[PDB]
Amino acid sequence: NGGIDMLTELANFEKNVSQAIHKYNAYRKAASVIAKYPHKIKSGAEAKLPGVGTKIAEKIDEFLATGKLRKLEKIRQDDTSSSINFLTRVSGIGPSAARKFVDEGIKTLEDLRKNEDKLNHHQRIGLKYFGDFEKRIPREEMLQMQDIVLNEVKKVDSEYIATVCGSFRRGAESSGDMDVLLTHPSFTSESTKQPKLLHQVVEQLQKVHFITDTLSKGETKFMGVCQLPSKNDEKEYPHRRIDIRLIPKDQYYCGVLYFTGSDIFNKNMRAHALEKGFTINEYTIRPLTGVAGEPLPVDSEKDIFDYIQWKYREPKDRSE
């Protein structure tokens, strides 16, 4: 049901143009439930699955009959809408900044490059590598990036453990970018016994010229840019987005569940936890006046599934 892409374009419109985040999540939920439905949908009535209601069923009926959606056709022709949608593809430009740029007449890639002085630091790096960040990463390259990260982390301190998460851990043949969960025994929910734990790793990866740029950096989260080294006379590899998350070592299982995703899977799982009277974040699962109690004991990813009475789903089956 690849064509019924339609829902994704509608979601993107609502987020970027309408600034209607709940419509955006509604369409993405519908897109997700349809994407795992194992038959070729033949009518909106059939599609009207949890999260598909009347309005999306009507849109699906139009799309099946004609191959297009007039609502999208109008959105694709509208210059302001299409310009706002385009500017949000630069990392760091969201729907508010995109509309502000378009209001000032900044509407194309050319315009951004001419007006670089008007971008914050994140946006400037997102513009700089705009083309590269569009490309996906083949798993073969992800494997090499994994080896660099884990080996350099080991050189800093053999007690670190770095785990590559995201779509890579879900077994995807290509990834949007690299996600690294990092733990160290000196950083638990009970204490922080060593400072600079994330900084020293970031610094080492910069020192060997793997990390090339920083988008944001605090005590526990790094978001930046990296690049594989290339061989003599070879074209350079594209620059890649890299995220590193330092998680308390005793909260690894909640963190690797979060960082493995997908984002929709996490949303569904956490919503379901709420219905079961728990709340899950990347640190803890806590029972719910609806006030979170104390963290429940967790010794495995499966324990989190057990609490909310879901059967265990391996990462490869979490790609929603």
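Throughout, rigid core stands for the largest set of C-alpha atoms superposing within 1.5 Å between the two forms. Residue numbers here begin at 1 and follow the sequence given.
- Superposition on the core shows that, in 7 other deposited structures of this protein, the C-alpha atoms drift more in one of 70 to 78 and 181 to 189; this is 70 to 78.
- The stretch that moves more in 7 other deposited structures of this protein, judged by CA deviation after a rigid core superposition and choosing between 251 to 259 and 276 to 284, is 276 to 284.
- Figure legend: residue 232 is marked as modelled in all of the other comparable entries of the protein, none of which omit it, let alone a third.
- Residue 216 is built in all of the other entries compared, counting only those with both neighbours built, so it is not a gap in a third.
- In the deposited entry, the stretch joining residue 288 to residue 289 is interrupted by 1 to 3 residues of the deposited sequence lacking coordinates.
- The gap between residue 267 and residue 268 holds no unmodelled residues of the deposited sequence.
- Mean C-alpha B-factor is higher over 106 to 114 than over the other stretch, the pair under comparison being 213 to 221 and 106 to 114.
- Per the PDB record, of the two stretches 61 to 69 and 27 to 35, 61 to 69 carries the greater mean B-factor over its C-alpha atoms.
- Within the group 167, 88, 77, 151, the record's highest C-alpha temperature factor is found at 77.
- Remark: of 199, 100, 121, 135, 100 shows the highest value [criterion: C-alpha B-factor in the PDB entry].
- Among the modelled residues of the chain, residue 275 sits in the highest third by CA temperature factor in this PDB entry.
- Among the modelled residues of its chain, residue 233 has a C-alpha B-factor that falls in the highest third according to the deposited record.
- Annotation for residue 46: C-alpha temperature factor in the middle third relative to the rest of the modelled chain, per the entry.
- The entry lists a Cα temperature factor for residue 21 that places it in the highest third of the chain's modelled residues.
- Ranked within its chain, residue 203 lands in the middle third, by CA B factor from the PDB record.
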